[PDB]
Amino acid sequence: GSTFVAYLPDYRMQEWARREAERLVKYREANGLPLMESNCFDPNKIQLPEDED
Amino acid sequence: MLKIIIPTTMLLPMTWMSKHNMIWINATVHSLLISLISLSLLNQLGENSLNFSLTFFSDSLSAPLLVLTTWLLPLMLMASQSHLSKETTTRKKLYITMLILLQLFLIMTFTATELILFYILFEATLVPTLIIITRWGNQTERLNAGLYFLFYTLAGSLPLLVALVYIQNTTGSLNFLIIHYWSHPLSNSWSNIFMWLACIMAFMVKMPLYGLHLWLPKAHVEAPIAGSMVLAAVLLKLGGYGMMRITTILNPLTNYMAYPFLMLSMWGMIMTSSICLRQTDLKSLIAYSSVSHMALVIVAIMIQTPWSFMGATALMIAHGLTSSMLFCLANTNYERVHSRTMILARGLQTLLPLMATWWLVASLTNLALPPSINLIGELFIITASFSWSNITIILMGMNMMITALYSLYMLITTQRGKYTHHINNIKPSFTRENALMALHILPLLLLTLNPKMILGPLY
Amino acid sequence: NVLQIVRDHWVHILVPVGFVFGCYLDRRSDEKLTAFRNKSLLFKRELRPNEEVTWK
Amino acid sequence: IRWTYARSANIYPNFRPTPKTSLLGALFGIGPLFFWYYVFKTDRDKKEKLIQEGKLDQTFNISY
Amino acid sequence: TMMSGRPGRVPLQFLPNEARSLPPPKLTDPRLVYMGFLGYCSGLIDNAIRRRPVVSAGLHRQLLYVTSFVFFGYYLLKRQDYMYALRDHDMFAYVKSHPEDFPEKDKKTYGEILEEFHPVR
Amino acid sequence: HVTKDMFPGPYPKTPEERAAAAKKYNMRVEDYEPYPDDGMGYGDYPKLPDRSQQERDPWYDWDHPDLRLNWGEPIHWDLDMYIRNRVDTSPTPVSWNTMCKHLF
Amino acid sequence: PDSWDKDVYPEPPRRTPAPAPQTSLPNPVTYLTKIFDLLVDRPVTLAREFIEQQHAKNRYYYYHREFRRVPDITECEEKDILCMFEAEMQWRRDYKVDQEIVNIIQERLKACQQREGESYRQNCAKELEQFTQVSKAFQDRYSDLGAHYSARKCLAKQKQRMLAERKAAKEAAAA
Amino acid sequence: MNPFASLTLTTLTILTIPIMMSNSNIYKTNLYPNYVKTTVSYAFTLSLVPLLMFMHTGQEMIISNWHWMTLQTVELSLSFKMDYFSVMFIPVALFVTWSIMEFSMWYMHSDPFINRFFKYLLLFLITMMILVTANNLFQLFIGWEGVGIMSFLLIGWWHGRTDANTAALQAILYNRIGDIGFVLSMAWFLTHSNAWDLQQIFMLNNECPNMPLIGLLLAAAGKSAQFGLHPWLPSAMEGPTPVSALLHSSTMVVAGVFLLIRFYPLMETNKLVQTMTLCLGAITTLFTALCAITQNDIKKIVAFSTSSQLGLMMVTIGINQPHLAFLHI
Amino acid sequence: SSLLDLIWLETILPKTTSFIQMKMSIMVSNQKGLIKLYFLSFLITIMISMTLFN
Ligand SMILES: CCCCCCCCCCCCCCCCCC(=O)OC[C@H](COP(=O)([O-])OCC(O)COP(=O)([O-])OC[C@@H](COC(=O)CCCCCCCCCCCCCCCCC)OC(=O)CCCCCCCCCCCCCCCCC)OC(=O)CCCCCCCCCCCCCCCCC
Ligand SMILES: CCCCCCCCCCCCCCCCC[C@@H](O)O[C@H](CO[C@H](O)CCCCCCCCCCCCCCC)COP(=O)(O)OCC[N+](C)(C)C
Ligand SMILES: CCCCCCCCCCCCCCCCC[C@@H](O)O[C@H](CO[C@H](O)CCCCCCCCCCCCCCC)COP(=O)(O)OCC[N+](C)(C)C
Ligand SMILES: CCCCCCCC/C=C\CCCCCCCC(=O)O[C@H](COC(=O)CCCCCCC/C=C/CCCCCCCC)COP(=O)(O)OCCN
């Protein structure tokens, strides 16, 4: 059972996330983009309520 | 999930159709095989969950608890084999039936996609434990203990049921996935405050909370060894699991409502660790140590940060294993001396050296020596509390110091010094007891190699 | 000896049988949750030439 | 056995509500709780205010 | 939902004729299996009370217990399914006939819904 | 093998039950002195001197040489406080107040 | 080595000095590292050659999984559970990838600190600035959601932040 | 291929082989102590190589070989720091331990459990090397607690003696008082610098605040027996003389000082913590020498001498001279 | 150990509940079996019921 737990396949996607981050950082560093963005979602597709205060 | 539930059910006819002298062997072998099968639930996802069906689902919080529950039954059988020797076949079969029913209810409780189903099984676990305590306990206080262990629980659990049905009358569902996805904030209202209390108090009483912990020393002291093992290892964790599940609907009211429970836990850990320093009974000392550890887990759950939840999961698993081992050591001493008074049998290192090594390793894990998972959970909770408020460090460090003090006091009193002269019935340790001790302790030191298996869903 | 130890060891076979029955029942319950098979936006996949279902 | 019984099980039947007992119980069982509540509440209110003005310097504070 | 006064309800029919338009429960229904299990438990308890070998005292009597429990459970399941079907039918008809009491909510995306955010600190 | 009459009981009021309590604890009536009758649950239990186990005679042939205790003798209420592993009250060459003043 | 991308994990060109023995006395380091080479490095190299030929006899491949883009929580109706499920899974995957990005930048910073030695305070300003920017963005995204986080809570936090930003900009314009 | 890393890890690795054989047949014979002594001597003569390589070039490494759990943005890995302090202290500790074991082969010849005693000494040496070479705070905490547990086991070597058990529990109590500050520092560094690795701690702390450095100073005061937490070191003379000579004289008790040497880049940016360290060292060395000049037990006199020398070491730390304190160690 | 855990925590939740339920049970179940008192209470309850509701 210990050997079975040791060799469990990566269903948590640790290496997958590492590779995704690697290629994403390579892309943004090449294009000069500011690495991580501060907004999680695009602001153009959010409709804020106008205050008119 | 039926591939684990059905074999556990088949444990019953197999037990009742067994020979009079094969019940222990068959029960142990097939419970070990069920544990091995359940070990494959540990392959969890980074995404939502293992949603088997509409009724049962698995999670990386539920999977370690399920595996520990399945692993505890063979150890409980090995511990119970000794003191049930002089008893009839039908009664031993009934005892094994109670253990199997407890395992079945716990397994179904930990998956339990429905909150009402979770409540039903979470309260169904009450009956086998009460029967075990009040039937196969030794002293005359067991009945009283059972009463406490009953009513406290129900005193917390009856309001919860009302709250639960109320939620489904407003939300329309009590499925945990729908609840998580459709969660909404709780406004600061008196009705919402009482809904919060009805949701929390049932799980608080079984941790137990410091003010509400009176039932635990009685129930753990008067119970037989299997009862104490299952009470300390799995049954105390039902409150933590329930809180971790239910705090998703209590935001943002938890920010205000957590203060009295946070103060109660932070002061009660110090109080119970100090109580351990002056204890004349081994089982009572171990019970109060359990209260302190669960107070730390309560703090972790109330802070409700990722590091808090990871530390709480790790500490729940580690405490279950360590407390079961400590109770088993105490029972090995008791079955020789029949007294359960710590000061009576002294200097047992000179007579039982390997059992002294087991005592040392159990005290070391209780002391939270790194890199054990006990210290992993301890440190994660402590760091989360420090981020919550820098002044928690005083209470946390004081608790660590007192914990080390009473653990080494327990070790030194029983193992070191001079042997008691008039005690001459200390027989050499049996292979069964040594095997039980190793089967407790190797999983801990082997889990410290793969901590992510017991760090919960927020890892 | 055959036909003699069976009458003394028949009970042992029950737990293993339960494990198989539970696996079968789990698959049967899986067969009732195929309302979205090969329909999720994440895994909309065009079937292979000799394929019936993406997963069973 | 007399020692252990007196230490554990002889306490409550010999207990009486007394001014000494009542005041000691109230103090030693309530005062620490309210003291720690005041301390932690004051610390957290100060922290929350400082976050509101933004003068806390929470840079590199990623794990919580 | 009190259905005692529901129109067109024959007084003492266990199963009305319209219930025959519903699919009957399968014989391998889990609820039927639980009914048979309850019959088996009743047989075992009957053996135990009479001080007879519990598992193998009367096979005819245990078979009769199981069979009667399964029979009654089948008919009970049919009636239960029929009553739930009536509840759903009446609910849908009432919603259909009273549109003003069940107006359609305007489908609104989370992009333009303002939910208050509460930090955890 | 202990009967109900051999267990600790309530605080004794009359000299007759005082003598009974002294006889129960295997010690003289003149030496028996219970804790003051307060709200604490001391009940009927001797208030032995607060001297520690370390200052008991180490050359005596105790039945428990490490604890320095005899078999039937009454046990101090705070035995586990004074076990030679913990706080002792042995007389010191210098008075406690003098040491406190000097250290401070 | 080719086992990792040099651009994601950069290194300076590794200038090393040449030996300049000013005395004729034999330094024990050279002889001792030569005997280490002879007694250790060659047998290890030969064992690796054996293992690598055996691996080359049996060659098979594994693939990195590609995940499609799905509508996020903003394009989801208030009670449409299926789209919320899709968006929540996508958001969790993005959160994990962001954590890995922060890990990469932190590894860069640690390597710089160890490599530049006694002048790390000046020769690691680039990595410090990169880590500061990435840390600020990651904090703005995920600082205070707590346990029981979701895409909805992150969206609410973003909406609150950008409402505050719009108010501040409007106050500056009308100053 | 650049044998620095391979040899500096082979030292610590071969230190652990007799612990593996502690269940073999040699552990049941009378050749086990000589086996352990020979292993330690071989470890010393092998660790002499990285010392030469550093002395020739100044060669430095971080070896993060095994990646243990990762905590969202925090990665925890088994990492060894092989700087000047590690590669200089390891040969000294190995030489002293070799002499201690050869001495113990004669001093403890009549002890029935001598193989166990030798095994305990090797375990302490392993935990001390873990403490010295640790690159992150979790590994150094592992070594920190391991040396303390070994000290508890070796002080209470004669477990039938009440005073030995009392002294061992005393040492545990004082070291837990220091552990409070250790855990405080670890929590602060994780919360503020997002790391337990030394490189990120140094990079992100240009002007270190008071809490982490005060926690570090409290841990150092606990483990090096400074004035507030001093008595456990003289009380620790209850153990056998080899234990007093190895652990509580020259190797374990300097660990606290070593910690403040390991965090010296942050100490030089704080002015109040330096003053606190200087005053604590001064009062410790004065008080312990004053106690020493009048004692009658020779081991007590040498223990008070050790405490005074530790106080002098932390005076050197407090005057911002860490390398000089290491040389004194 | 004694003042809070063995005395006051017992006094507050469990002992108080036991005492109150004990006294209430004694008050409820102590009727001498005389139907005169029973039907006097019946008249009282009946009279009270008619007036309060309407
Ligand atoms: C969650 C759902 C899933 C699990 C379901 C759980 C319930 C299922 C069963 C329900 C009721 C059925 C049986 C009840 C009748 C009583 C029988 C009895 O007394 O036992 C003696 C009898 C053996 O003794 P005997 O030599 O024949 O005659 C001696 C006297 O009978 C007896 O000798 P004695 O009278 O001289 O000895 C005195 C003893 C005898 O007194 C008793 O033991 C009476 C039994 C308890 C009454 C049960 C009440 C009704 C059931 C409700 C259970 C509630 C469950 C909810 C959870 C809360 C837990 C309480 O009384 C005492 O010692 C008093 C002190 C005991 C402590 C307090 C009692 C605790 C009661 C809690 C028991 C709950 C579990 C019971 C399990 C079944 C017990 C056999 O046991 C059996 O053999 C029957 C066991 C079932 C047979 C299974 C056959 C199937 C195997 C082959 C086919 C494989 C199937 C799979 C297909 C695939 C294969 C290829
Ligand atoms: C007697 C004196 C000693 C003699 C023996 C000497 C030899 C000692 C060596 C053993 C201890 C030294 C530690 C060195 C560890 C080496 C093995 C380790 O590295 O493997 C671990 C692997 O082991 C597992 O991680 C831990 C085992 C899991 C434990 C499961 C418990 C078993 C079930 C029992 C019931 C459960 C009860 C508790 C309920 C919770 C971690 O590997 P990891 O880098 O990560 O990935 C594995 C390989 N990959 C990369 C292909 C994936
Ligand atoms: C005994 C062992 C442990 C058991 C469990 C103990 C844990 C239970 C503690 C309950 C948690 C808190 C309960 C109520 C919290 C509300 C906040 C309150 O304390 O603060 C003030 C509340 O004011 C006063 O408290 C009003 C109520 C006064 C009456 C309460 C009785 C005081 C002592 C009772 C304690 C007994 C507990 C056990 C009962 C059996 C603020 O006043 P205000 O801002 O305007 O209104 C806030 C609430 N709103 C917004 C919904 C309207
Ligand atoms: C260990 C023993 C503990 C015993 C139980 C402790 C938990 C007590 C929690 C309260 C119990 C009942 C609460 C109700 C369950 C939730 C239902 C709910 O939230 O609905 C509320 C209803 O709120 C209530 O009715 C609450 C009334 C509570 C009456 C019983 C009081 C019990 C004792 C009160 C003091 C102690 C409270 C905390 C004790 C903690 C345990 C020590 C609002 O719904 P509506 O009124 O329909 O909508 C508003 C518009 N009309």
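Letters A, B, ... mirror the listed sequences (proteins, then strands); counts begin at 1.
Atom OH of D:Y38 has 12 or fewer neighbouring heavy atoms from other residues, nucleotides or ligands inside a 6.0 Å radius. Within a 6.0 Å sphere centred on CZ of F:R56, heavy atoms belonging to other residues, nucleotides or ligands number more than 12. More than 12 heavy atoms of other residues, nucleotides or ligands lie within 6.0 Å of CD in D:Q52, so this atom counts as buried by the packing criterion. Under a cut-off of 6.0 angstrom, the local environment of CG in D:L27 is crowded, with over 12 non-hydrogen atoms contributed by other residues, nucleotides or ligands. Within a 6.0 Å radius of CG in D:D45, more than 12 heavy atoms belonging to other residues, nucleotides or ligands are found.
Panel note: side chain D:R7, backbone F:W77; a donor-acceptor pair is recorded below 3.5 Å. Side-chain atoms of D:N10 come within 3.5 Å of backbone atoms of F:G9 as a donor-acceptor pair (strictly under, hydrogens ignored).
Only the side chain of D:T18 comes within less than 4.5 Å of a heavy atom of chain F; its backbone N, CA, C and O stay farther away. Both the backbone and the side chain of D:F15 come within contact range of chain F, judged by heavy atoms closer than 4.5 Å.
Here the straight-line distance linking atom OH of F:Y35 with atom CG of D:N14 works out to 13.5 Å at 0.5 Å rounding. Between F:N26 atom CG and D:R2 atom CZ the span is 5.5 Å, to the nearest 0.5 Å. Going from atom CG of F:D38 over to atom NZ of D:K20 covers 5.5 Å, rounded to the nearest 0.5 Å.
With chain F as the partner, the residue from D:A6, D:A9, D:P19 showing the most heavy-atom pairs under 4.5 Å is D:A6.
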*Before giving the answer on side chain to side chain contact (heavy atoms under 4.5 Å, CB included), spell out for F:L79 and D:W3 the whole-Å C-alpha distance, their side-chain angles and the decisive distance to 0.1 Å.*
CA-CA 9 Å; F:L79 166 68; D:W3 179 57; 3.9 Å; yes
*Worked verdict on D:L24 versus F:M40 for side chain to side chain contact (heavy atoms under 4.5 Å, CB included)*: CA-CA 11 Å; D:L24 283 173; F:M40 322 299 136; 4.3 Å; yes
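We find that D:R16 and F:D37 are joined by a salt bridge, their nearest charged nitrogen and carboxylate oxygen being less than 4.0 Å apart.
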